[PDB]
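Single chain ahead, written as structure tokens, the form solved without 6-bromo-1,3-dihydro-2H-indol-2-one.
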């Protein structure tokens, strides 16, 4: 009974196989067949390549040794090498052209989700080339999806030596019959097979995967579109910035490149961006997923005014001051979405680009109170219910598990009616005590929000709604301004509070405004439609936030 799956890198997890460059280069340079491949493997276990793969020498130390071997092979074959022939050039092109074999990684991901222990066993080198980063990046993306990465140059052993296979079994803590071994080289499969492991000679991915699903009894081939990579809270880098003596802000940080500050809505967490964090980091960005003031590990002072937009924005500026960031791209959802438009309005020098999910830019009406403006919309009734301190806190904190399960639902899953909330007496009047689990969330994900909300509760989060007059007065100072920095508005078809039509007049204030739209998407955009959110944000970031 199989419990582990082992994959090679070259020709298995990454395509095209770097070994294949030698065959094509020979064919392009009209060189004799197998000349480059024979000079590469010249000397066998005592040769320059085995020394490289064992970690005795580095790639740059190997280049002149392979050049000698190529000259020796051309001398014997009675042929001449071209005038400007370069092994570094050939290898640089072979490595940079090699990409992740997405369907193989998907199959590995599926086997791990199903309880398998997964590992990458590869014959590789210590790369000290000027362009080593390309390969470094490839390995980083791949490695994080496996339980183990065994590299020949790090263990001082090489395939097909039987020692690396016993090392693999020991690392795995599994007997050979419990292991599937995927490799594109038949000579490297023999020892695993000879040990008793299930082996798959990988030629085309499709057949390899067909052989894989047959031996595992798990569907891997032509299975549905997987959700993007999520975040395990314990594996993240956690950052803490004191913005004021009583106020500290917490954030999760991943990636390198231009700073992308993610601002969640109500009643959420940095974890609301769980499906965007690994994707924006992989796309070339330094993501900073905030716990906004009043939430999770961020401070939650009790006073209402600590949560007005003026104070929240000043503290986000200080957060950048203390981190040594002159700018950041600001991406907000819901209450975070409103915060980001005001960051762009009051601090454009600090905002590289601004993006909002669901929340339109809504300019203050100087001829009307916000309480009047709220009353004009029946869908906004819950905001009046949120006004009296203590009332919504007591109902939302009574059963944390019920609160998040009732709230975090897809458009066809609604168990809550946000209309006539005040007259009913509460948010959960004709709502189930034990709501069903939404298809958007797992029990574990809901429990992370429950755990987060145990520290400060709902006072701080609800205080974001308790500054209408203060926010209105502050917003009126910006009534003659326009948003002229790069800006993205993303609407969600099925958000029944923040309806797409609420964003219709945004171009009057933001003329160069770019847009995105998500159909069959409810209020909880990031977890409802993570794949499309990632696609819209990444495309916009690369074009406008550089």
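For clarity, a rigid core is taken as the largest C-alpha set superposing within 1.5 Å between two forms. Numbering follows the first chain given and starts at 1.
In a rigid core superposition of the other structures in 9 other deposited structures of this protein, 472 to 480 and 407 to 415 differ in how far their CA atoms stray, and the farther one is 407 to 415. According to the PDB record, 415 to 423 carries the higher mean C-alpha B-factor of the two stretches 415 to 423 and 169 to 177. The PDB entry reports B-factors from which the mean C-alpha value can be compared for 9 to 17 and 532 to 540; the larger average falls on 9 to 17.
Each of 86, 326, 299, 359 has a CA temperature factor in the record; the biggest one is found at 86. Across the residues 507, 56, 27, 495, the deposited record lists the maximum Cα B factor for 27.
Residue 389 sits in the middle third of its chain by CA B factor, as recorded in the PDB entry. In this PDB entry, the Cα temperature factor of residue 479 sits in the middle third of its chain's modelled residues. Residue 380: CA B factor lies in the highest third for its chain, per the PDB record. Residue 99 sits in the highest third of its chain by CA B factor, as recorded in the PDB entry.
Per-chain ranking of the deposited C-alpha B factor places residue 108 in the middle third.
This next part talks about the form deposited with 6-bromo-1,3-dihydro-2H-indol-2-one bound, which is not shown.
Distance criterion of 4.5 Å from any heavy atom to 6-bromo-1,3-dihydro-2H-indol-2-one in the deposited complex singles out 467 from the list 452, 327, 467, 216.
Among the residues 198, 142, 309, 90, the one placing a heavy atom within 4.5 Å of 6-bromo-1,3-dihydro-2H-indol-2-one in the deposited complex is 309. Looking at residue 435, you'd find every heavy atom of it more than 4.5 angstroms from 6-bromo-1,3-dihydro-2H-indol-2-one in the deposited complex.
Contact annotation: residue 164 falls outside 4.5 Å of 6-bromo-1,3-dihydro-2H-indol-2-one in the deposited complex, judged by heavy atom distances. Although the partner is absent here, residue 118 sits far enough away that none of its heavy atoms falls within 4.5 Å of 6-bromo-1,3-dihydro-2H-indol-2-one in the deposited complex. The shortest heavy atom separation between residue 383 and 6-bromo-1,3-dihydro-2H-indol-2-one in the deposited complex is within 4.5 Å.
The stretch that touches 6-bromo-1,3-dihydro-2H-indol-2-one in the deposited complex, counting heavy atoms within 4.5 Å, is 357 to 365, out of 241 to 249, 218 to 226, 104 to 112, 357 to 365.
Heavy atoms closer than or equal to 4.5 Å to 6-bromo-1,3-dihydro-2H-indol-2-one in the deposited complex belong, across 323 to 349, to the residues 335, 338, 342, ordered by sequence position.
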